[PDB]
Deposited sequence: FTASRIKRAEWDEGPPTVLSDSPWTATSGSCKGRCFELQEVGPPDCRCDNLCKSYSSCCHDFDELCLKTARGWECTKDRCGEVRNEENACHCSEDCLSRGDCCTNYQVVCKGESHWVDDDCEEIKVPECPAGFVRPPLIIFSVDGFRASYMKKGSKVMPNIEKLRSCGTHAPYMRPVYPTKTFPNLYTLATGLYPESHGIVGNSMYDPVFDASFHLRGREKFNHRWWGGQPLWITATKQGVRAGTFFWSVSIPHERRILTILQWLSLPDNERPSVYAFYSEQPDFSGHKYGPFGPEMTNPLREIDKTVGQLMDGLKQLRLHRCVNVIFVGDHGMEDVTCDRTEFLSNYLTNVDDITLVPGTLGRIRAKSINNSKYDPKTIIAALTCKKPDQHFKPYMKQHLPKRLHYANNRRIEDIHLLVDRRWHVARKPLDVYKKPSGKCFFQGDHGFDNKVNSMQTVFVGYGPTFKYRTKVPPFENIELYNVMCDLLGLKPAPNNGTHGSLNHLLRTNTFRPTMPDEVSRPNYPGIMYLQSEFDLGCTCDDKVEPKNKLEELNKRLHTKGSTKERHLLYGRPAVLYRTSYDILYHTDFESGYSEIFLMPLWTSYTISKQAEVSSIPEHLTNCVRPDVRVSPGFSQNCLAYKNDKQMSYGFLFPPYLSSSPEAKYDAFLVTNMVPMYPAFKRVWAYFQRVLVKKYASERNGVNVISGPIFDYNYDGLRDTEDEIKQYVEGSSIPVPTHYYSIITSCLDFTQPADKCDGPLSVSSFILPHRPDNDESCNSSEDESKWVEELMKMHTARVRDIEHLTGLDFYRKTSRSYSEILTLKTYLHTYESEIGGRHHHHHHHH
């Protein structure tokens, strides 16, 4: 019954039953009676024409061509072009913006986030001819060839990750559809529940801004508000007095995604939606230019995810695998999440569901996982809203429970939601404005990094998040964030020879000159350490007790608590040779006379444990000499490994490391165990360990990592590199079977590398999982090193 007069798109939202004129009033059925009439004017459309110039202001018109419109801030965006003989922003040469050029009274450059739904990364190249405004932003500002979304590659998880800097498992929007068993409530795209505040965790940019005195415009736009009105509203807000004007704004377009679903990512129908988005960008930039804000505002052009070809004939049906299909609830589509239809069903067994879904058809287009066994790079486990059973669906496919679900609801030709390394899921980033660099291309990066940068652009302190603050400094002309390396918490001991062989009772056996004798002592004292520890030792960022152990071919930081290395570091040159394990050493394990029997593993435990065997972190295959090979059989280089995993590990060590050393001109490798029994992506304390080698205190890792570093300029060997580095890493699941690899009965050359690629990782992922900090001593700037630590090698083509 109240009125919207003078309150159109009010930023502060009024408490019902007072009627609301804020954006979200439509989404709640609560708009004042005159909302449409006052706030959604459309009369005479969206452009000035020659005859409208200098008209008398008519308040019914969608936008204005009257002389007073600029001061009022509500001209049609083409007003100066049509009426004052100005040029469209897109027709102007670009000129470097070295400093903000803002009207007096602006305390900081405003930020406009221009978000576009389903804008696949390759549209920047493929649609360049039909998008001149976007192409000007891209070539004049700072751009990446693509930006990596989070998993699942759906809208709300990705947009709320942009808003918060958090993985979906931490912010809580883990899908477009969710069941929370604590609330016993469901979240759906359609409907009311999704507005409840208890779904949305972390602290989004608009709250961060507000808490720190920076005003924010709306981020969420009702679908029925036309795009032109969203633009004109932003432009209106920017004309507000200093004390009311927001400093951060978002625009959102549901295109190209909406058409992409109907026509496929490159259907011929897709050209028009791309033209329309470009026209809207043009309206914004012309509107900014009229307000003399086009060299003041920082603009971010960003997508949430891309779009893949998906049709309803590419659907896998669980009813083809499960006899019990009606006892489960499936969240379906480009991912699958399974739980019991009824929690009173005591018969429901997830292990047998997984078994029935595992490698059952030769070209099966989905793979089942317990969530803790998903590639750690997905960070998709630590939330009660993520079901225990997950299906990773092949790109281009869908999963559904029963054929009825798909034909009782081939309309669509496009979908998204797949693994976030899939090329078709990649999206876009362009930054344009005084705070961004000029004509600069930056490498691809993950959208979890953007919240920190948007905070930097606004002078805000970011809430704790999953970005690595400083890793995106190379996008910025100024306002860079200059972090300090975390302080080492535990200093190592450097044990010398302290124990006689006969003090060890380990059930371990091994069939075991003064020039060469001073020689071996110097190696044990760290004489080759500069060859094998190229970037300094890792820093231990938690309280523990550990020892540095030096050897000819490798150095290790040995944990007295976990009875194995936290890390083992070694360098393999291009010329290095692979040798075999000599017969007299096949089951040799040697006591390490620097490390007490009581802080050592023992062979008897492995003998007793019928499921568990052991491997080595530094591979004996790569020893530099027959004498150095004995070091690789030290009990302090041994780690527990299931026989099934040893097939993976042996192939990596015997074949792949040497191959990488040939291809990259030497590699430095750091390997070690990871313990993440509660799947939170973070280092377990010793009291979280769920499994031990039978009858011992030897803890069983959930994963094994390796970080493989070389020179980015591969004409320089890894050990003599002058400039930037190149890295690939993995976090391999330490599993007692190879059920994840359907071809594992074949030779390791047909399936191990594929497994490793699936479990590619960032160094930063390994850092969270181990509590270590790598690359402490390089000649590189720290921000460059933070970019390196966030790098992910995806193994996708161009």
- Wait, which stretches of the deposited chain are just not there in the structure? 1-27, 437-440, 544-548, 835-846
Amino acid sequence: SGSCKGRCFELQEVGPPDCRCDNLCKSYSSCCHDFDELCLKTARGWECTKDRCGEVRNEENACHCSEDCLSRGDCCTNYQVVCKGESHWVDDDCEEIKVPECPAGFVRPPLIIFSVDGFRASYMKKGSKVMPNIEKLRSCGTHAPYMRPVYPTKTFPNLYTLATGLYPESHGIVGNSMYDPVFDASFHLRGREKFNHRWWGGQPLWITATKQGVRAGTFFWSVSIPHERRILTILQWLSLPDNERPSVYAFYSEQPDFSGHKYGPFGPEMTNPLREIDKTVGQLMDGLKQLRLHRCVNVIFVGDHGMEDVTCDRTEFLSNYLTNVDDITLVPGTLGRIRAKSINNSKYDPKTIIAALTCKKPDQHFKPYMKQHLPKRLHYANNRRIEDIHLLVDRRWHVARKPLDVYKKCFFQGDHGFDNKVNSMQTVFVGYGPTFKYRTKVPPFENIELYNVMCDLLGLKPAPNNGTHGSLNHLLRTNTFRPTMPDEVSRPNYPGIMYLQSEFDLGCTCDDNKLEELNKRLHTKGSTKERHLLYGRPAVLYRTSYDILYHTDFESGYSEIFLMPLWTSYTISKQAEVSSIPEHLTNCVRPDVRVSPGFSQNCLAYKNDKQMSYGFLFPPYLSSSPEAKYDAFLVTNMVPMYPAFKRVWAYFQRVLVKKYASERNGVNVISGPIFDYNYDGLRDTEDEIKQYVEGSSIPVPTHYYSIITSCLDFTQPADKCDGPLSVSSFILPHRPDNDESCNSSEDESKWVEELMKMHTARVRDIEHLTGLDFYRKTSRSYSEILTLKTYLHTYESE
From here on, numbers count along this sequence of modelled residues.
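Here the rigid core means the biggest group of C-alpha atoms that line up within 1.5 Å when the two forms are laid on top of each other.
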- Task: With everything overlaid on the rigid core, name the stretch, 137-145 or 216-224, whose CA atoms wander farther on average in 6 other deposited structures of this protein.
- Result: 216-224
- Query: Out of 725-733 and 25-33, which shows the greater rigid core-aligned C-alpha deviation in 6 other deposited structures of this protein?
  - Reply: 25-33
- Item | Given 513-521 and 363-371, the range whose Cα B-factors average higher in the PDB entry | 513-521
- Query: Of the two stretches 392-400 and 317-325, which shows the higher Cα B-factor on average in the entry?
  - Reply: 317-325
- Item | Selection by C-alpha B-factor (highest) of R764, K26, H734, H759 | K26
- Message: Looking at the C-alpha B-factor values in the deposited entry, which of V310, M425, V693, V81 comes out highest?
- Response: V81
- Note on the structure: Chain-relative C-alpha B factor for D180 (record values, thirds): the middle
- Item | Ranked against its chain, the third holding the CA B-factor of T787 | lowest
- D739's Cα B-factor: lowest, middle or highest third of the chain? middle
- Message: Please say which third, lowest, middle or highest, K574 falls into when its CA temperature factor is compared across its chain.
- Response: highest
- CA B-factor placement of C603, once the chain's modelled residues are sorted into thirds: highest
